[PDB]
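There are 2 protein chains.
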Amino acid sequence: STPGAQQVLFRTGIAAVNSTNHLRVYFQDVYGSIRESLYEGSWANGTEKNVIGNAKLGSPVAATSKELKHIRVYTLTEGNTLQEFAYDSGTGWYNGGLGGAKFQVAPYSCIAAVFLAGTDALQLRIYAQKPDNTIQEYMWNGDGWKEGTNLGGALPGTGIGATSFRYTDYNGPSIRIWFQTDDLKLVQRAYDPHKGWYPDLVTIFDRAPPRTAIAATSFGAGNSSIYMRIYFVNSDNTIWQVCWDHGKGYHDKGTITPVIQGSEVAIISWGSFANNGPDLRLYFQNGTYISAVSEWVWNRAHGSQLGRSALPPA
Amino acid sequence: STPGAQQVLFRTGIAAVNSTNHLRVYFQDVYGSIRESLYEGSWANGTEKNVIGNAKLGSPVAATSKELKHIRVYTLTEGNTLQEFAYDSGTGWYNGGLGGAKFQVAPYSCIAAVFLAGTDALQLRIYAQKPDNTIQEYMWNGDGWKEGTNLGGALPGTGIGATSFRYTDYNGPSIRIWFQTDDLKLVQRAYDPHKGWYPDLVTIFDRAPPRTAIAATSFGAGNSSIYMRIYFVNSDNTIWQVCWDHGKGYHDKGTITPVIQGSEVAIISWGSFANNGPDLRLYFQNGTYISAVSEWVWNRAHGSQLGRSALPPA
Ligand SMILES: CC(=O)N[C@@H]1[C@@H](O)[C@H](O[C@@H]2O[C@@H](C)[C@@H](O)[C@@H](O)[C@@H]2O)[C@@H](CO)O[C@@H]1O
Ligand SMILES: CC(=O)N[C@@H]1[C@@H](O)[C@H](O[C@@H]2O[C@@H](C)[C@@H](O)[C@@H](O)[C@@H]2O)[C@@H](CO)O[C@@H]1O
Ligand SMILES: CC(=O)N[C@@H]1[C@@H](O)[C@H](O[C@@H]2O[C@@H](C)[C@@H](O)[C@@H](O)[C@@H]2O)[C@@H](CO)O[C@H]1O
Ligand SMILES: CC(=O)N[C@@H]1[C@@H](O)[C@H](O[C@@H]2O[C@@H](C)[C@@H](O)[C@@H](O)[C@@H]2O)[C@@H](CO)O[C@H]1O
Ligand SMILES: C[C@@H]1O[C@@H](O)[C@@H](O)[C@H](O)[C@@H]1O
Ligand SMILES: C[C@@H]1O[C@@H](O)[C@@H](O)[C@H](O)[C@@H]1O
Ligand SMILES: C[C@@H]1O[C@@H](O)[C@@H](O)[C@H](O)[C@@H]1O
Ligand SMILES: C[C@@H]1O[C@@H](O)[C@@H](O)[C@H](O)[C@@H]1O
Ligand SMILES: C[C@@H]1O[C@@H](O)[C@@H](O)[C@H](O)[C@@H]1O
Ligand SMILES: C[C@@H]1O[C@@H](O)[C@@H](O)[C@H](O)[C@@H]1O
Ligand SMILES: C[C@@H]1O[C@@H](O)[C@@H](O)[C@H](O)[C@@H]1O
Ligand SMILES: C[C@@H]1O[C@@H](O)[C@@H](O)[C@H](O)[C@@H]1O
């Protein structure tokens with residue numbers, strides 16, 4: 002009997018952030034509280050003393066950070082408005098200004114969030130789904146939350162993945178997002194600084210389960226080069242991985258590890274192929290002590306393997 | 002999708018009652034309200050005006066009836082107590098007495114309910130899971146609510162199916178309940194009016210997905226004879242049925258119909274092999290309009306066949 006694991010909501014939203022191998026993982030408990038687990042040389046926390054806020058039961062959970070100096074965690078209120086819990090080093094946790102804006106979204110909306118890459122400025126872009134079923138970008142550039150670009154129609158309840166990177170030869174940040182459309186395909190939308198939003202949808206998978214989880218990362222930004230990894234729960238009840246590798250494009254897709262039916266998914270990465278990396282970490286529920294969150298590991302030494310069997314508080 | 006279907010909670014609890022082919026189906030909308038869809042010659046209702054109460058988001062939903070003259074619907078409060086919405090013919094809906102007893106159960110608890118068969122009296126047995134993860138029976142015999150028999154440990158957050166029937170050569174009701182044990186097996190416990198609860202767990206399936214939905218019915222009671230069907234979501238993302246048939250015992254098991262990953266399941270039945278039945282109706286989510294509730298049908302005319310594609314309000 003595992004009372005810690007029982008505290009984790011079955012099919013909880015999962016988010017994660019890191020600065021290299023210093024890790025934080027956010028999940029919802031059975032009372033709807035959002036808890037933090039931590040890895041600093043070893044795993045710790047995720048107890049009822051480690052609550053950073055509350056949200057509607059079954060809320061999406063997204064997170065983004067600048068190393069571990071600035072963290073932001075996004076969930077839905079009971080009123081189906083976006084809200085934000087902020088960490089700043091030297092300040093600690095507090096309620097962020099997103100809530101005050103009262104952005105009404107679909108009750109079944111998911112959320113994705115990024116800090117724009119390649120600047121020390123605190124610039125945020127959030128993605129969620131309006132009641133008309135369109136994907137809307139919400140922006141912070143230091144003087145008030147505002148609506149950004151609307152990205153058009155999606156499957157109601159679609160998962161949303163997002164990443165920002167800055168090519169080392171470019172003067173500004175790039176954004177990529179992924180969601181599912183009404184034909185059930187999983188698709189990419191792309192922002193470059195000299196182009197804005199590309200007009201076209203690029204398909205990364207032909208038929209995925211409806212409202213499947215979608216999580217994304219990128220690493221190894223070079224001169225007009227990037228590496229990206231996208232993950233979703235396929236109809237075989239495993240997480241699949243779609244690979245973008247510089248010079249190969251979208252050239253591989255395949256299963257990675259079993260999950261529970263309807264598992265949510267989070268991804269973090271650090272390093273690069275050029276410098277004896279990258280490291281990858283996935284987080285999901287695969288049924289360990291029934292409801293615990295489990296970890297998957299990719300590194301250069303031993304490749305693909307299962308990491309922590311059961312995260313705190315399990 | 003459709004605006005109507007969007008209001009149905011993805012992976013909602015489902016329950017159903019009937020008097021022969023006069024049908025009622027209960028489900029949870031995205032706001033946490035419990036709604037009723039109706040079949041009287043055709044399908045109707047399931048809108049915001051067809052709400053019988055509110056329950057915590059993601060609550061189990063169970064319902065039992067004596068024909069359509071008395072219906073009881075059971076869910077969890079926000080404080081993880083058992084509650085009851087009652088319908089009596091010529092009284093209407095009201096809040097049933099159960100909530101006042103403040104029966105505290107595990108936040109991840111499911112619920113099953115039955116009116117004891119073969120009497121006129123309103124006798125009820127409710128099954129849910131205590132915080133110590135044991136399955137507890139809760140009784141009403143016309144003289145207040147009280148705890149009945151404890152039936153021991155089960156998987157935290159187990160599904161629970163239950164049925165009551167009366168062997169025609171007996172002056173009293175039998176009860177059968179199904180749930181999932183800590184070893185991930187699916188098991189039966191049994192109550193007969195002479196022997197009480199038999200000490201032994203009977204295995205109906207060797208290993209099922211953690212916290213899989215479990216729904217059961219029985220029909221065609223005779224002298225020392227009975228037929229029963231147990232439904233669950235197997236790892237192949239489909240509903241499986243386990244058959245008890247008089248003289249064959251537990252002799253057949255197999256897939257019936259595909260569902261979304263982690264779909265809930267409800268079953269109703271009427272009639273008998275003896276008289277050009279029985280009739281079966283399964284309710285579940287299969288991805289029709291993304292989040293609408295669909296129906297499967299068994300009858301003697303056509304056999305296994307899909308029924309209503311999308312219940313109201315889709
Ligand atoms: C006394 C009588 O026959 N009344 C009927 C109602 O029962 C019926 O209500 C519907 O069915 C009941 C069992 C519940 O499910 C209600 O929510 C339904 O509205 C209404 C509508 O047909 O008709 C009479 O009032
Ligand atoms: C004899 C009689 O008519 N008694 C009724 C009760 O049945 C009724 O209670 C409800 O119905 C029962 C079966 C349980 O489900 C209770 O928890 C319900 O409250 C009440 C309605 O208030 O009225 C009489 O006591
Ligand atoms: C210039 C500066 O540092 N201003 C901070 C501002 O960043 C804080 O706002 C928070 O963090 C930002 C990036 C968003 O997530 C906001 O929604 C959030 O409130 C603000 C906190 O009150 O304090 C300013 O000094
Ligand atoms: C008429 C009678 O008493 N028959 C019993 C039968 O009820 C017992 O079997 C139980 O009931 C059936 C429906 C299944 O649920 C069985 O798995 C369950 O054990 C049986 C006990 O072995 O004994 C018969 O006499
Ligand atoms: C950064 C660390 O990497 C490996 O050592 C894993 O076993 C840990 O859980 C953690 O992910
Ligand atoms: C970056 C910070 O690191 C630790 O001090 C944690 O206790 C905080 O909650 C936060 O994760
Ligand atoms: C980084 C860019 O910033 C603004 O110009 C937005 O309107 C775009 O949507 C994009 O997010
Ligand atoms: C990293 C790459 O960036 C642009 O070239 C896109 O058109 C590609 O689809 C890919 O996203
Ligand atoms: C970073 C690694 O890149 C390739 O080696 C993939 O096959 C691995 O799964 C991993 O994504
Ligand atoms: C009793 C009725 O049976 C069939 O006609 C189904 O098509 C209906 O939806 C209903 O279940
Ligand atoms: C029908 C029976 O009623 C009482 O005797 C309960 O204690 C039993 O558990 C059973 O529910
Ligand atoms: C009443 C019927 O019983 C058997 O024939 C099963 O094969 C059917 O699926 C149905 O359960």
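Which chain is which? The protein sequence lines are A and B, in order.
First residue of the first sequence: 2, per the entry's author numbering; consecutive thereafter.
First residue of the second sequence: 2, per the entry's author numbering; consecutive thereafter.
By construction, the Cβ of each residue, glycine as well, lies at the ideal position given by its N, Cα and C atoms.
- request: Determine, using beta carbons only, whether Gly143 of chain B and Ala122 of chain B come nearer to each other than 8 Å.
  value: Yes.
task: With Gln7 of chain A as the anchor, note down where its beta strand (DSSP E) starts and where it stops.
output: For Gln7 of chain A, no beta strand (DSSP E) segment is defined; the enclosing uninterrupted segment is the alpha helix (DSSP H) at 4-7.
message: Give me the residue from B:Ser60, B:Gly223, B:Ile127 with the minimum Cα distance to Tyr168 of chain B.
response: Here the closest residue by C-alpha is B:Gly223.
Enclosing beta strand (DSSP E) for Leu83 of chain A [first to last residue]: For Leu83 of chain A, the enclosing beta strand (DSSP E) begins and ends at 83-89.
task: Could you have a look at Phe11 of chain A and say whether DSSP puts it in helix, strand or coil?
output: Residue state, collapsed to three classes: coil.
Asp280 of chain A classed as buried or exposed, judged by whether at least 16 other C-beta atoms fall within 10 angstroms: A residue is called buried when at least 16 other Cβ atoms come within 10 angstroms of its Cβ; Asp280 of chain A meets this threshold and is buried.
query: Per DSSP, what kind of secondary structure is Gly162 of chain B in: helix, strand or coil?
result: If DSSP states are grouped into helix, strand and coil, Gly162 of chain B belongs with the strands.
- request: Mind checking who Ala217 of chain B pairs with in its DSSP beta bridge?
  value: The partner list for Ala217 of chain B (beta bridge, DSSP) reads B:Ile231.
CA-to-CA distance, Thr135 of chain B to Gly153 of chain B, given in whole angstroms: So the two alpha carbons sit approximately 5 Å from each other.
- request: Excluding the 5 residues preceding and the 5 following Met229 of chain B in the sequence, name in chain order all residues of the same chain whose CB lies nearer than 6 Å to its CB.
  value: The residues are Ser219, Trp245.
query: Within the chosen definition, does the region 144-164 of chain A reach the region 174-183 of chain A through at least 3 CB pairs nearer than 8 Å?
result: Yes: the two stretches touch, three or more of their Cβ pairs being nearer than 8 Å.
message: What does the Cβ neighbour count give for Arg208 of chain A, buried or exposed, with the cut at 16 atoms within 10 Å?
response: Its Cβ having fewer than 16 others within 10 Å, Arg208 of chain A is exposed.
message: I'd like to know if the region 16-32 of chain A and the region 71-83 of chain A are in contact, where contact means that at least 3 CB-CB pairs between them fall below 8 Å.
response: Enough Cβ pairs lie closer than 8 Å, so yes.
- prompt: With a CB to CB cut of under 6 Å and the five nearest residues on each side skipped, what residues in its chain are close to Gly278 of chain A?
  reply: Apart from the 5 residues on each side of it in sequence, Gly278 of chain A sits with its Cβ closer than 6 Å to the Cβ of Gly272 in its chain, given in chain order.
message: Am I right that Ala114 of chain A and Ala163 of chain A are in contact with their C-beta atoms under 8 Å? What's the rounded C-beta distance?
response: Confirmed, Cβ separation roughly 7 Å.
task: Can you check the region 175-214 of chain B for any beta strand (DSSP E) of at least 3 residues that lies completely inside it and give the ranges in chain order?
output: Taken in chain order, the whole beta strand (DSSP E) runs of length 3 or more contained in the region 175-214 of chain B are 175-181, 187-193, 203-206.
- request: Thinking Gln262 of chain B and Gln262 of chain A are a contact (beta carbons under 8 Å), I'd like their distance in whole angstroms, please.
  value: Their Cβ separation, rounded to whole angstroms, is 4 Å, which keeps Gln262 of chain B and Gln262 of chain A in contact under 8 Å.
message: I need the boundaries of the alpha helix (DSSP H) containing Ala129 of chain A, first residue and last residue.
response: Boundaries around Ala129 of chain A are those of the beta strand (DSSP E), 125-130, since no alpha helix (DSSP H) includes it.
message: For chain A, check one thing: does any of its Cβ atoms lie closer than 8 Å to the Cβ of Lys57 of chain B?
response: Yes, its Cβ sits closer than 8 Å to a Cβ of chain A.
- request: Return the chain-ordered list of same chain residues with a C-beta closer than 8 Å to the C-beta of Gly100 of chain A, the five sequence neighbours on each side being excluded.
  value: The answer, listed in chain order, is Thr78, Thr82, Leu83, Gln84, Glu85.
- prompt: Who are the neighbours of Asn238 of chain A on chain B, taking C-beta pairs under 8 Å?
  reply: Neighbours of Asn238 of chain A on chain B, chain order: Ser236, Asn238, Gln262.
- prompt: Going by other Cβ atoms of all chains shown within 10 Å of its Cβ, with 16 needed for buried, is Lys57 of chain B buried or exposed?
  reply: Burial call: buried.
query: In terms of residue numbering, what span does the beta strand (DSSP E) encompassing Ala113 of chain A cover?
result: 112-116 is the extent of the beta strand (DSSP E) around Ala113 of chain A.
task: Name the residue from A:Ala17, A:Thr48, A:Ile15 whose alpha carbon lies nearest to the alpha carbon of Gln7 of chain A.
output: Nearest C-alpha to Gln7 of chain A: A:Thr48.
message: Strictly closer than 5 Å from CB to any heavy atom of ligand 6: give me those residues in the order they appear in the chain.
response: Those satisfying the condition are, in chain order, A:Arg25, A:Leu69.
- request: List the whole-angstrom C-beta distance separating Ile127 of chain B from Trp94 of chain B, where the pair is believed to meet the contact cut-off of C-beta under 8 Å.
  value: The beta carbons of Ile127 of chain B and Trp94 of chain B sit about 18 Å from each other, so the pair does not count as a contact at 8 Å.
message: Any C-beta of chain B within less than 9 Å: which residues of the region 146-160 of chain A qualify?
response: Here the close residues are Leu156, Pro157, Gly158.
query: What is the DSSP secondary structure of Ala155 of chain B, counted as helix, strand or coil?
result: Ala155 of chain B falls in the coil class under three-state DSSP.
- prompt: What first and last residue would you give for the alpha helix (DSSP H) that runs through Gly100 of chain A?
  reply: Run containing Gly100 of chain A: 99-102, per the alpha helix (DSSP H) assignment.
message: Are the CB atoms of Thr258 of chain B and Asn235 of chain B within a distance shorter than 8 Å?
response: Taking 8 Å as the Cβ cut-off, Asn235 of chain B and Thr258 of chain B do not qualify as a contacting pair.
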